[PDB]
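Peer 1: What follows is a structure written as structure tokens; I'll ask about it next.
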Amino acid sequence: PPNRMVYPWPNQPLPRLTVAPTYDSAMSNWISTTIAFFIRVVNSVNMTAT
Amino acid sequence: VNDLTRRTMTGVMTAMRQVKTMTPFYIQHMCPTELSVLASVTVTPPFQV
């Protein structure tokens with residue numbers, strides 16, 4: 001629809017006061033879970049044997 | 001045998017068991033065909049028991 005754009009990630013309006021790093025954004029969540037999974041992989045039995 | 005080495009030995013043996021080689025498949029499925037064809041080519045036919 002005219003004057004609209006789509007965006008692969010969730011989005012928010014521009015913040016009001018100063019910015020700062022946060023940890024509840026979609027990307028941050030994606031990062032944390034991904035790392036958590038691979039850590040689980042590394043500790044799996046398949047790695048331990050070798 | 002010191003366990004560190006003992007740990008190493010079982011490790012390297014495990015690695016060998018995990019290699020995704022193609023040979024076992026070839027033996028079971030493809031090698032027989034090659035023999036069956038070549039049997040008609042050699043100057044001496046196969047002689048088996």
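Ligands are numbered from 1 in the order shown, residues from 1 within each chain, and chains are lettered A, B, ... in the order they appear in the structure tokens.
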Provide as a CSV table (one decimal) with N, CA and C atoms, in the first residue's frame the residues of chain A at most 10 Å from chain B, counting only C-alpha atoms.

Peer 2:
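This went into part21.csv:
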chain,number,residue,atom,x,y,z
A,46,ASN,N,28.5,-36.3,21.7
A,46,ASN,CA,29.2,-36.5,20.4
A,46,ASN,C,30.6,-35.8,20.5
A,48,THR,N,32.2,-34.9,23.4
A,48,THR,CA,32.9,-35.4,24.6
A,48,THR,C,33.8,-36.5,24.3
A,49,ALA,N,33.4,-37.4,23.4
A,49,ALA,CA,34.1,-38.6,23.0
A,49,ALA,C,35.4,-38.3,22.3
A,50,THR,N,35.6,-37.1,21.8
A,50,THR,CA,36.6,-36.8,20.8
A,50,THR,C,37.4,-35.6,21.2

Peer 1: Just give me the gap between atom CA of residue 22 of chain A and atom CA of residue 36 of chain A in Å, one decimal is fine.

Peer 2: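 Going from atom CA of residue 22 of chain A over to atom CA of residue 36 of chain A, I get 18.4 Å.
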
Peer 1: For atom CA of residue 41 of chain A and atom CA of residue 17 of chain B, quote the distance in Å rounded to one decimal.

Peer 2: 19.8 Å

Peer 1: Among the residues of chain B, find those DSSP assigns to helix (DSSP H, G or I) from the backbone and print them as an mmCIF file with C-alpha atoms, in the first residue's frame.

Peer 2:
data_model
loop_
_atom_site.group_PDB
_atom_site.id
_atom_site.type_symbol
_atom_site.label_atom_id
_atom_site.label_comp_id
_atom_site.auth_asym_id
_atom_site.auth_seq_id
_atom_site.Cartn_x
_atom_site.Cartn_y
_atom_site.Cartn_z
ATOM 1 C CA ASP B 3 44.867 -42.142 31.065
ATOM 2 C CA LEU B 4 45.748 -38.977 29.145
ATOM 3 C CA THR B 5 47.225 -41.116 26.398
ATOM 4 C CA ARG B 6 44.421 -43.609 26.960
ATOM 5 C CA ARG B 7 41.947 -40.778 26.447
ATOM 6 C CA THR B 8 43.802 -39.802 23.283
ATOM 7 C CA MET B 9 43.750 -43.327 21.873
ATOM 8 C CA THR B 10 40.008 -43.778 22.231
ATOM 9 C CA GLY B 11 39.602 -40.315 20.757
ATOM 10 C CA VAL B 12 41.520 -41.022 17.570
ATOM 11 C CA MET B 13 39.785 -44.376 17.204
ATOM 12 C CA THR B 14 36.445 -42.601 17.533
ATOM 13 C CA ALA B 15 37.468 -40.172 14.801
ATOM 14 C CA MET B 16 38.107 -43.021 12.376
ATOM 15 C CA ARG B 17 34.673 -44.493 13.045
ATOM 16 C CA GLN B 18 33.087 -41.136 12.177
ATOM 17 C CA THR B 23 33.795 -47.157 0.009
ATOM 18 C CA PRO B 24 31.251 -49.281 1.947
ATOM 19 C CA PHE B 25 28.438 -48.068 -0.284
ATOM 20 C CA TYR B 26 30.495 -48.668 -3.415
ATOM 21 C CA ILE B 27 31.255 -52.247 -2.397
ATOM 22 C CA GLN B 28 27.609 -53.100 -1.836
ATOM 23 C CA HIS B 29 25.999 -51.388 -4.815
ATOM 24 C CA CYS B 31 31.416 -52.729 -7.569
ATOM 25 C CA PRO B 32 29.318 -55.805 -8.530
ATOM 26 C CA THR B 33 28.166 -54.061 -11.698
ATOM 27 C CA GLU B 34 31.733 -53.272 -12.731
ATOM 28 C CA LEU B 35 32.729 -56.899 -12.239
ATOM 29 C CA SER B 36 29.676 -58.181 -14.091
ATOM 30 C CA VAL B 37 30.494 -56.076 -17.138
ATOM 31 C CA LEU B 38 34.242 -56.662 -17.157
#

Peer 1: What does the distance between atom CA of residue 21 of chain B and atom CA of residue 39 of chain B come to in Å, to one decimal place?

Peer 2: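 Atom-to-atom, atom CA of residue 21 of chain B and atom CA of residue 39 of chain B are spaced 27.1 Å apart.
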
Peer 1: Here is a test: counting only C-alpha atoms, which residue of A:45, A:31, A:39, A:26 is nearest to residue 9 of chain A?

Peer 2: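 The shortest atom-to-atom distance to residue 9 of chain A comes from A:26.
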